[PDB]
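Working notes, structure below.
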Amino acid sequence: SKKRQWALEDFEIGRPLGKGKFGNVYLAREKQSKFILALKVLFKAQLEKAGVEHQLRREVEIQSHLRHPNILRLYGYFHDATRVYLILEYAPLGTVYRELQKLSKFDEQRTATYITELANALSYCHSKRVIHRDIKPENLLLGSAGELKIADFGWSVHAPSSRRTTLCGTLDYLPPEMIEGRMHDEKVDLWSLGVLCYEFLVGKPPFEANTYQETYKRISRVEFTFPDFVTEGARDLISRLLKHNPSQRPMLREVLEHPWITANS
Amino acid sequence: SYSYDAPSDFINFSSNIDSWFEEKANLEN
Ligand SMILES: Nc1ncnc2c1ncn2[C@@H]1O[C@H](COP(=O)(O)OP(=O)(O)O)[C@@H](O)[C@H]1O
Ligand SMILES: [Mg+2]
Ligand SMILES: [Mg+2]
Ligand SMILES: [Mg+2]
């Protein structure tokens, strides 16, 4: 490129917005236009020791080319001698994770609204053959109007044709097919959505156990129950998303038309 | 190596990309 490239000197850095595994995400303002955004920092030495350099590249290439109202925007990136920087769209209201600690549980209206935004977001993603694979409260942010925005494409992949073999994601959200050493596809995000919907309503993931081994066991068996306040419609939906057989889980278009979703969304 | 097929050019924030996926899926060799 013969064009001016990004540089750290281009942004005034503000306070930290969050703590990531390989560095913090700071609020920031581009100096010439005063546009407010978020700066995700990654320390290169940490990335090298972890051997996650190829996943960083997939995060950047996949997220930067995605364009949707409920997916966090990746404007660009730049690296220097010790770290790598992602120029992200600023999410003003924080994470759904934080809102979930505060409210402890989400009522049905709030839960269906979020599921709907996320389901629309995932549908657009799949139409591009991208599988997120790390859907969870800490990766869901809130925009200026309280609208959900999917973020963190760290474990994402572009799967045009073939299935995948990677185990990746968060323990409580892992799909059975991954744990069991089987191949997987975009249906893993449908499982994540069921896990996520349950957590929104109950306040905790359905397979939470005291050890790693016990959680693997419960996911593989799809062992969980609902507290008494979870209505019939929510149970019908989560039960359909949480099918051991990936083929039997609903399409995102079905979730969006689910009676419970349309009545409360 | 930190050379990614993604944007790195300075942008003027005051003043259709997703085809990249299918176009890369359809390319041959
Ligand atoms: N654009 C953003 N706006 C506000 N907070 C963010 C933003 N990006 C990340 N964060 C905060 O940083 C945390 C961690 O960074 P994230 O990019 O989600 O993944 P990782 O854990 O791999 O770093 C999030 O859980 C969130 O609290
Ligand atoms: Mg499809
Ligand atoms: Mg994250
Ligand atoms: Mg990450």
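FYI, nothing fancy with the structure tokens labels: chains A, B, ... in order, residues from 1 per chain, ligands from 1 as they appear.
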Skipping near chain neighbours, those fewer than 6 positions away, what residues fall within 12 Å of residue 166 in chain A using only C-alpha atoms, listed as a ChimeraX atom specification? /A:55,131,133,155-157,174-175,177-185,188
For the selection just defined, write its residues with N, CA, C and O atoms to a file, as an mmCIF file, in the first residue's frame.
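Saved as again16.cif:
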```cif
data_model
loop_
_atom_site.group_PDB
_atom_site.id
_atom_site.type_symbol
_atom_site.label_atom_id
_atom_site.label_comp_id
_atom_site.auth_asym_id
_atom_site.auth_seq_id
_atom_site.Cartn_x
_atom_site.Cartn_y
_atom_site.Cartn_z
ATOM 1 N N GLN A 55 -5.497 -17.973 14.693
ATOM 2 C CA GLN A 55 -6.874 -17.620 15.044
ATOM 3 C C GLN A 55 -7.081 -16.108 15.064
ATOM 4 O O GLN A 55 -8.193 -15.646 14.829
ATOM 5 N N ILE A 131 -18.898 -19.569 11.025
ATOM 6 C CA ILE A 131 -19.416 -20.110 12.266
ATOM 7 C C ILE A 131 -18.675 -19.340 13.346
ATOM 8 O O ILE A 131 -17.435 -19.338 13.369
ATOM 9 N N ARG A 133 -18.797 -19.717 16.897
ATOM 10 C CA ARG A 133 -18.250 -20.675 17.853
ATOM 11 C C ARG A 133 -17.893 -20.186 19.272
ATOM 12 O O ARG A 133 -17.403 -20.981 20.076
ATOM 13 N N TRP A 155 -12.688 -17.338 17.826
ATOM 14 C CA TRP A 155 -12.774 -18.745 17.472
ATOM 15 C C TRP A 155 -13.628 -19.009 16.231
ATOM 16 O O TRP A 155 -14.064 -20.130 15.980
ATOM 17 N N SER A 156 -13.860 -17.972 15.452
ATOM 18 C CA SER A 156 -14.657 -18.111 14.261
ATOM 19 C C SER A 156 -13.941 -18.787 13.105
ATOM 20 O O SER A 156 -12.726 -18.950 13.114
ATOM 21 N N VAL A 157 -14.711 -19.211 12.118
ATOM 22 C CA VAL A 157 -14.108 -19.824 10.960
ATOM 23 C C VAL A 157 -14.992 -19.678 9.740
ATOM 24 O O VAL A 157 -16.218 -19.544 9.847
ATOM 25 N N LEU A 174 -19.867 -25.520 25.116
ATOM 26 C CA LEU A 174 -19.405 -26.481 24.120
ATOM 27 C C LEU A 174 -20.497 -27.431 23.640
ATOM 28 O O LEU A 174 -21.255 -27.985 24.427
ATOM 29 N N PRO A 175 -20.574 -27.634 22.321
ATOM 30 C CA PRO A 175 -21.577 -28.546 21.750
ATOM 31 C C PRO A 175 -21.109 -30.014 21.949
ATOM 32 O O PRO A 175 -19.904 -30.281 21.969
ATOM 33 N N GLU A 177 -21.073 -32.601 19.954
ATOM 34 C CA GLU A 177 -20.259 -33.070 18.848
ATOM 35 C C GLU A 177 -18.790 -32.671 18.986
ATOM 36 O O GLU A 177 -17.920 -33.372 18.475
ATOM 37 N N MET A 178 -18.491 -31.561 19.655
ATOM 38 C CA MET A 178 -17.086 -31.161 19.813
ATOM 39 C C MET A 178 -16.403 -31.970 20.909
ATOM 40 O O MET A 178 -15.287 -32.462 20.743
ATOM 41 N N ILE A 179 -17.094 -32.112 22.028
ATOM 42 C CA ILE A 179 -16.565 -32.831 23.161
ATOM 43 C C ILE A 179 -16.244 -34.269 22.778
ATOM 44 O O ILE A 179 -15.179 -34.784 23.105
ATOM 45 N N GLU A 180 -17.170 -34.900 22.066
ATOM 46 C CA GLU A 180 -17.033 -36.287 21.653
ATOM 47 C C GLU A 180 -16.088 -36.593 20.500
ATOM 48 O O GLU A 180 -16.074 -37.723 20.015
ATOM 49 N N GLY A 181 -15.323 -35.601 20.053
ATOM 50 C CA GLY A 181 -14.375 -35.828 18.977
ATOM 51 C C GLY A 181 -14.971 -36.102 17.607
ATOM 52 O O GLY A 181 -14.372 -36.780 16.774
ATOM 53 N N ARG A 182 -16.164 -35.578 17.368
ATOM 54 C CA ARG A 182 -16.843 -35.739 16.088
ATOM 55 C C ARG A 182 -16.662 -34.436 15.316
ATOM 56 O O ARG A 182 -16.240 -33.404 15.874
ATOM 57 N N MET A 183 -16.989 -34.479 14.036
ATOM 58 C CA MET A 183 -16.895 -33.296 13.207
ATOM 59 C C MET A 183 -18.078 -32.392 13.453
ATOM 60 O O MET A 183 -19.123 -32.854 13.891
ATOM 61 N N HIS A 184 -17.927 -31.104 13.174
ATOM 62 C CA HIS A 184 -19.038 -30.196 13.384
ATOM 63 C C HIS A 184 -19.186 -29.193 12.250
ATOM 64 O O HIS A 184 -18.360 -29.162 11.320
ATOM 65 N N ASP A 185 -20.262 -28.404 12.335
ATOM 66 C CA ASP A 185 -20.613 -27.369 11.360
ATOM 67 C C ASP A 185 -21.323 -26.181 12.034
ATOM 68 O O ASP A 185 -21.269 -26.047 13.264
ATOM 69 N N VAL A 188 -23.362 -25.802 15.580
ATOM 70 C CA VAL A 188 -22.855 -25.620 16.931
ATOM 71 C C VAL A 188 -23.335 -24.270 17.469
ATOM 72 O O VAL A 188 -23.593 -24.146 18.667
#
```
Find the residues of chain B in contact range of chain A, meaning any atom within 8 Å when counting only C-alpha atoms, and list them as a count of residues only. 17
DSSP-assigned strand (DSSP E) among range 123-219 of chain A, expressed as an NGL selection string: :A and (130-131 or 140-142 or 148-150 or 157-158)
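Residue nearest residue 196 in chain A, chosen from A:176, A:14, A:137, A:146 and counting only C-alpha atoms: A:137.
Closest approach to ligand 2 from the set A:186, A:12, A:257, A:208 is made by A:186, with distances taken over only C-alpha atoms and all ligand atoms.
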Using only C-alpha atoms and all ligand atoms, which residues of the polymer chains come no farther than 7 Å from ligand 4? I'd like the answer as a ChimeraX atom specification. /A:20-21,152,154
Could those residues be written to a file, using N, CA, C and O atoms, as a compact mmCIF listing (two decimals), in the first residue's frame?
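The new file again-v7.txt reads:
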```txt
# COMPACT_ATOMS: atom_id res chain seq x y z
N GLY A 20 -9.12 -8.33 28.31
CA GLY A 20 -9.10 -9.50 27.46
C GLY A 20 -7.97 -10.40 27.89
O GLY A 20 -7.10 -9.97 28.67
N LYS A 21 -7.97 -11.63 27.39
CA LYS A 21 -6.93 -12.58 27.73
C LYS A 21 -5.53 -12.12 27.28
O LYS A 21 -4.57 -12.31 28.03
N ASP A 152 -16.19 -10.51 19.36
CA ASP A 152 -15.18 -11.54 19.56
C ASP A 152 -15.26 -12.73 18.57
O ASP A 152 -15.79 -13.79 18.88
N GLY A 154 -12.84 -14.39 17.70
CA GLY A 154 -11.61 -15.15 17.96
C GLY A 154 -11.61 -16.62 17.54
O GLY A 154 -10.63 -17.10 16.94
```
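Comparing the minimum interatomic distances between ligand 1 and each of A:47, A:81, A:91, A:252, counting only C-alpha atoms and all ligand atoms, we find that A:91 sits nearest.
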Please identify every polymer residue within 9 Å of ligand 1, using only C-alpha atoms and all ligand atoms, and present the set as an mmCIF file with N, CA and C atoms, in the first residue's frame.
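Resulting contents of selection.cif:
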```cif
data_model
loop_
_atom_site.group_PDB
_atom_site.id
_atom_site.type_symbol
_atom_site.label_atom_id
_atom_site.label_comp_id
_atom_site.auth_asym_id
_atom_site.auth_seq_id
_atom_site.Cartn_x
_atom_site.Cartn_y
_atom_site.Cartn_z
ATOM 1 N N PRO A 16 -9.919 1.890 30.157
ATOM 2 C CA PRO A 16 -10.025 0.488 29.738
ATOM 3 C C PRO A 16 -11.536 0.141 29.751
ATOM 4 N N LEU A 17 -12.017 -0.556 28.720
ATOM 5 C CA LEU A 17 -13.430 -0.932 28.664
ATOM 6 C C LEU A 17 -13.584 -2.363 29.143
ATOM 7 N N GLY A 18 -12.503 -3.124 29.062
ATOM 8 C CA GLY A 18 -12.545 -4.506 29.476
ATOM 9 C C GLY A 18 -11.175 -5.126 29.484
ATOM 10 N N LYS A 19 -11.087 -6.294 30.106
ATOM 11 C CA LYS A 19 -9.840 -7.035 30.233
ATOM 12 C C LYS A 19 -9.901 -8.309 29.382
ATOM 13 N N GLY A 20 -9.119 -8.332 28.314
ATOM 14 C CA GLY A 20 -9.098 -9.497 27.456
ATOM 15 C C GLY A 20 -7.967 -10.396 27.887
ATOM 16 N N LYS A 21 -7.970 -11.627 27.387
ATOM 17 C CA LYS A 21 -6.933 -12.578 27.731
ATOM 18 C C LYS A 21 -5.533 -12.120 27.282
ATOM 19 N N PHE A 22 -5.403 -11.518 26.097
ATOM 20 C CA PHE A 22 -4.074 -11.090 25.613
ATOM 21 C C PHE A 22 -3.849 -9.566 25.674
ATOM 22 N N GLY A 23 -4.690 -8.886 26.447
ATOM 23 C CA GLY A 23 -4.561 -7.449 26.590
ATOM 24 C C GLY A 23 -5.901 -6.783 26.830
ATOM 25 N N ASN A 24 -5.864 -5.502 27.165
ATOM 26 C CA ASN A 24 -7.096 -4.775 27.414
ATOM 27 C C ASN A 24 -7.734 -4.178 26.169
ATOM 28 N N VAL A 25 -8.990 -3.779 26.311
ATOM 29 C CA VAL A 25 -9.707 -3.101 25.251
ATOM 30 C C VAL A 25 -9.914 -1.727 25.914
ATOM 31 N N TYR A 26 -9.478 -0.671 25.225
ATOM 32 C CA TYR A 26 -9.569 0.699 25.737
ATOM 33 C C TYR A 26 -10.512 1.538 24.902
ATOM 34 N N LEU A 27 -11.132 2.527 25.517
ATOM 35 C CA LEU A 27 -11.986 3.397 24.752
ATOM 36 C C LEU A 27 -10.944 4.228 23.968
ATOM 37 N N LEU A 37 -14.254 5.146 19.402
ATOM 38 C CA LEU A 37 -14.269 3.726 19.067
ATOM 39 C C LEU A 37 -13.588 2.930 20.180
ATOM 40 N N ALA A 38 -13.327 1.643 19.954
ATOM 41 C CA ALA A 38 -12.676 0.820 20.989
ATOM 42 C C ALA A 38 -11.387 0.229 20.441
ATOM 43 N N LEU A 39 -10.340 0.202 21.250
ATOM 44 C CA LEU A 39 -9.053 -0.325 20.799
ATOM 45 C C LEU A 39 -8.707 -1.623 21.533
ATOM 46 N N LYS A 40 -8.733 -2.741 20.809
ATOM 47 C CA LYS A 40 -8.411 -4.030 21.401
ATOM 48 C C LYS A 40 -6.918 -4.303 21.235
ATOM 49 N N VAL A 41 -6.196 -4.446 22.342
ATOM 50 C CA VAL A 41 -4.763 -4.695 22.284
ATOM 51 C C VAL A 41 -4.419 -6.165 22.515
ATOM 52 N N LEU A 42 -3.431 -6.669 21.793
ATOM 53 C CA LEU A 42 -3.013 -8.057 21.967
ATOM 54 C C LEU A 42 -1.497 -8.050 22.057
ATOM 55 N N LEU A 72 -20.693 -6.467 15.898
ATOM 56 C CA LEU A 72 -19.728 -5.413 16.151
ATOM 57 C C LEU A 72 -18.834 -5.235 14.930
ATOM 58 N N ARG A 73 -18.673 -3.977 14.531
ATOM 59 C CA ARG A 73 -17.848 -3.608 13.397
ATOM 60 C C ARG A 73 -16.330 -3.619 13.692
ATOM 61 N N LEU A 74 -15.573 -4.173 12.747
ATOM 62 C CA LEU A 74 -14.117 -4.185 12.812
ATOM 63 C C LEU A 74 -13.725 -3.240 11.663
ATOM 64 N N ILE A 87 -9.213 -2.066 15.651
ATOM 65 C CA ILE A 87 -10.025 -0.865 15.751
ATOM 66 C C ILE A 87 -11.464 -1.364 15.661
ATOM 67 N N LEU A 88 -12.123 -1.381 16.802
ATOM 68 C CA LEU A 88 -13.478 -1.871 16.884
ATOM 69 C C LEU A 88 -14.489 -0.766 17.090
ATOM 70 N N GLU A 89 -15.732 -1.066 16.759
ATOM 71 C CA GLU A 89 -16.838 -0.147 16.977
ATOM 72 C C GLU A 89 -17.085 -0.170 18.499
ATOM 73 N N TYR A 90 -17.254 1.005 19.091
ATOM 74 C CA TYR A 90 -17.482 1.130 20.525
ATOM 75 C C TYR A 90 -18.893 0.720 20.920
ATOM 76 N N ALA A 91 -19.005 -0.156 21.915
ATOM 77 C CA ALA A 91 -20.307 -0.607 22.422
ATOM 78 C C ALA A 91 -20.478 0.161 23.737
ATOM 79 N N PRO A 92 -21.288 1.227 23.725
ATOM 80 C CA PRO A 92 -21.580 2.124 24.842
ATOM 81 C C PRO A 92 -22.176 1.544 26.139
ATOM 82 N N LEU A 93 -23.013 0.498 26.068
ATOM 83 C CA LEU A 93 -23.661 -0.056 27.257
ATOM 84 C C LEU A 93 -23.045 -1.318 27.879
ATOM 85 N N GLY A 94 -21.816 -1.641 27.498
ATOM 86 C CA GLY A 94 -21.160 -2.800 28.076
ATOM 87 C C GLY A 94 -21.642 -4.159 27.609
ATOM 88 N N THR A 95 -21.347 -5.187 28.405
ATOM 89 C CA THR A 95 -21.701 -6.554 28.061
ATOM 90 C C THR A 95 -22.974 -7.081 28.679
ATOM 91 N N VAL A 96 -23.616 -7.986 27.945
ATOM 92 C CA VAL A 96 -24.824 -8.620 28.422
ATOM 93 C C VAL A 96 -24.449 -9.369 29.711
ATOM 94 N N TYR A 97 -23.198 -9.806 29.782
ATOM 95 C CA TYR A 97 -22.664 -10.495 30.944
ATOM 96 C C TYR A 97 -22.821 -9.657 32.213
ATOM 97 N N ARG A 98 -22.472 -8.380 32.104
ATOM 98 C CA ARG A 98 -22.565 -7.493 33.237
ATOM 99 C C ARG A 98 -24.022 -7.229 33.628
ATOM 100 N N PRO A 137 -22.344 -14.747 27.107
ATOM 101 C CA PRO A 137 -22.574 -13.407 27.673
ATOM 102 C C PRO A 137 -21.435 -12.378 27.589
ATOM 103 N N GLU A 138 -20.201 -12.802 27.852
ATOM 104 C CA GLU A 138 -19.037 -11.911 27.806
ATOM 105 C C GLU A 138 -18.683 -11.448 26.372
ATOM 106 N N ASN A 139 -19.264 -12.094 25.359
ATOM 107 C CA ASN A 139 -18.993 -11.725 23.975
ATOM 108 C C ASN A 139 -20.166 -11.052 23.311
ATOM 109 N N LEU A 140 -21.150 -10.676 24.125
ATOM 110 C CA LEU A 140 -22.347 -10.015 23.634
ATOM 111 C C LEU A 140 -22.368 -8.619 24.230
ATOM 112 N N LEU A 141 -22.340 -7.608 23.372
ATOM 113 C CA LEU A 141 -22.333 -6.254 23.853
ATOM 114 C C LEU A 141 -23.630 -5.518 23.555
ATOM 115 N N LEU A 142 -23.820 -4.371 24.195
ATOM 116 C CA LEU A 142 -25.040 -3.591 24.005
ATOM 117 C C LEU A 142 -24.716 -2.272 23.333
ATOM 118 N N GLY A 143 -25.479 -1.963 22.288
ATOM 119 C CA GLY A 143 -25.276 -0.725 21.569
ATOM 120 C C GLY A 143 -25.976 0.443 22.243
ATOM 121 N N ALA A 151 -19.769 -9.989 19.233
ATOM 122 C CA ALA A 151 -18.391 -9.537 19.112
ATOM 123 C C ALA A 151 -17.499 -10.750 19.275
ATOM 124 N N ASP A 152 -16.189 -10.507 19.358
ATOM 125 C CA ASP A 152 -15.180 -11.541 19.564
ATOM 126 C C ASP A 152 -15.257 -12.728 18.570
ATOM 127 N N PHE A 153 -14.722 -12.536 17.368
ATOM 128 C CA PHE A 153 -14.709 -13.593 16.376
ATOM 129 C C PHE A 153 -13.426 -14.411 16.497
ATOM 130 N N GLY A 154 -12.837 -14.395 17.698
ATOM 131 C CA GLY A 154 -11.612 -15.146 17.956
ATOM 132 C C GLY A 154 -11.606 -16.619 17.536
ATOM 133 N N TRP A 155 -12.688 -17.338 17.826
ATOM 134 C CA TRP A 155 -12.774 -18.745 17.472
ATOM 135 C C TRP A 155 -13.628 -19.009 16.231
#
```
Among the residues of range 90-195 of chain A, find those DSSP assigns to helix (DSSP H, G or I) from the backbone and print them as a PyMOL selection string. chain A and resi 96-103+108-127+137-139+171-173+176-179+187-195
Might you pull out every residue within 10 Å of residue 259 in chain A, with only C-alpha atoms counted and same-chain residues fewer than 5 positions away left off, and present them as an mmCIF file with C-alpha atoms, in the first residue's frame?
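Output file around11.cif follows:
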```cif
data_model
loop_
_atom_site.group_PDB
_atom_site.id
_atom_site.type_symbol
_atom_site.label_atom_id
_atom_site.label_comp_id
_atom_site.auth_asym_id
_atom_site.auth_seq_id
_atom_site.Cartn_x
_atom_site.Cartn_y
_atom_site.Cartn_z
ATOM 1 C CA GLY A 233 -42.671 -22.033 25.283
ATOM 2 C CA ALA A 234 -39.188 -21.310 26.525
ATOM 3 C CA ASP A 236 -39.986 -26.054 23.870
ATOM 4 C CA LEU A 237 -37.425 -23.729 22.265
ATOM 5 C CA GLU A 254 -37.338 -21.395 12.619
ATOM 6 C CA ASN A 264 -42.240 -11.938 23.573
ATOM 7 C CA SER A 265 -39.768 -10.407 21.193
#
```
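Between CA of residue 106 in chain A and CA of residue 201 in chain A there is a distance of 5.4 Å.
Nearest to ligand 2 of all the residues A:210, A:224, A:244, A:251 is A:251, based on only C-alpha atoms and all ligand atoms.
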note - CA of residue 31 in chain A and CA of residue 147 in chain A are separated by 27.5 Å
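Relative to CA of residue 223 in chain A, CA of residue 248 in chain A is found at 17.1 Å.
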